[PDB]
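Have a look below at one chain only, the form deposited in one PDB entry, in structure tokens format.
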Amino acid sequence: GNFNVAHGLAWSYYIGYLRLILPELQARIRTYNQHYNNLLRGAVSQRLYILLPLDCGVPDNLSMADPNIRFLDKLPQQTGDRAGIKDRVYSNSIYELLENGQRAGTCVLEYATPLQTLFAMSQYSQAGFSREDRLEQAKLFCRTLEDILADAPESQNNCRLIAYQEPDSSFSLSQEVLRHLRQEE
């Protein structure tokens, strides 16, 4: 039950998003860094950072949560004709991570959108899922996504999953991403 739901969303996240964008991402980041960002310490990192809040709380504005996360720019758009929709575009947003009034990191950052479906399905009676089902579904989504990416040809050190339990006044989202960014080289 909680397995089959998470399993389906994780695969849909891969087939309809990650497998299509991850192959070209490093070229899009490289082009951006070469032409638009000649800051020797302000380079966009080479990986998509995907935020997996395990409570499934996904704000549509990622900057609002944390004064130390500021929207910088959009990467160059990627467009595809998909199921009779001409030029279905994929956009990715670059964010500035601030630490002690200084820029500490710059990366392509987003939430995993499917967690918003797990939240909704816990809220609507017709879906038939409790809040304890949603936590199990969030965990199994993360584990299934990690398992897909481990054997995926399009995952070439170009994707990092960031999972955390904090929904909070003692939690810094910028600090959470900065710890992952700094661990890599």
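Throughout, we count residues from 1 along the sequence that is shown. Residues that one form lacks are left out of the comparison. C-alpha atoms forming the largest set that superposes within 1.5 Å between two forms make up the rigid core.
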When the other structures of this protein are compared, and only where the residues around it are present, is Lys86 absent from a third or more of them? yes
Among the other entries of this protein that model both neighbours of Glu176, is it absent from at least a third? no
Would you mind checking whether any residues of the deposited sequence sit unmodelled between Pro167 and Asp168, and how many (none, 1 to 3, 4 to 9, 10 or more)? 1 to 3
Quick check: 168 to 176 versus 11 to 19, which has the larger average CA B-factor in the record? 168 to 176
Using only the Cα atoms and their B-factors as the entry lists them, report which of 67 to 75 and 108 to 116 averages higher. 67 to 75
Pull the Cα B-factor of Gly42 out of the PDB entry and bin it into the chain's lowest, middle or highest third. highest
C-alpha B factor of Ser122, ranked within the chain: lowest, middle or highest third? lowest
Where does the C-alpha B-factor of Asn100 rank in its chain, lowest, middle or highest third? highest
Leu145: which third of its chain by C-alpha temperature factor? lowest
Relative to the other modelled residues of the same chain, rank the CA B-factor of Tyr49 and answer lowest, middle or highest third. lowest
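Omitted from view is the form deposited in another entry, to which the following refers.
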At a 2 Å cut-off on C-alpha positions, does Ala27 qualify as shifted between this form and the one not shown after fitting the rigid core? no
Superposing on the rigid core, does the Cα of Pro59 end up 2 Å or more away between this form and the one not shown? no
State yes or no: after fitting on the rigid core, is the Cα displacement of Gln46 between this form and the one not shown at least 2 Å? no
Shift in CA distance, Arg160 and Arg41, in that other deposited form relative to the form shown here, given it is 3 Å or more: farther
With a change of at least 3 Å, which way does the C-alpha separation between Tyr36 and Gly105 go in that other deposited form: closer or farther? closer
In sequence order, the rigid core aligned, runs of at least 3 residues with C-alpha shifts of 2 Å or more between this form and the one not shown are 2 to 4, 35 to 37, 39 to 41, 126 to 128
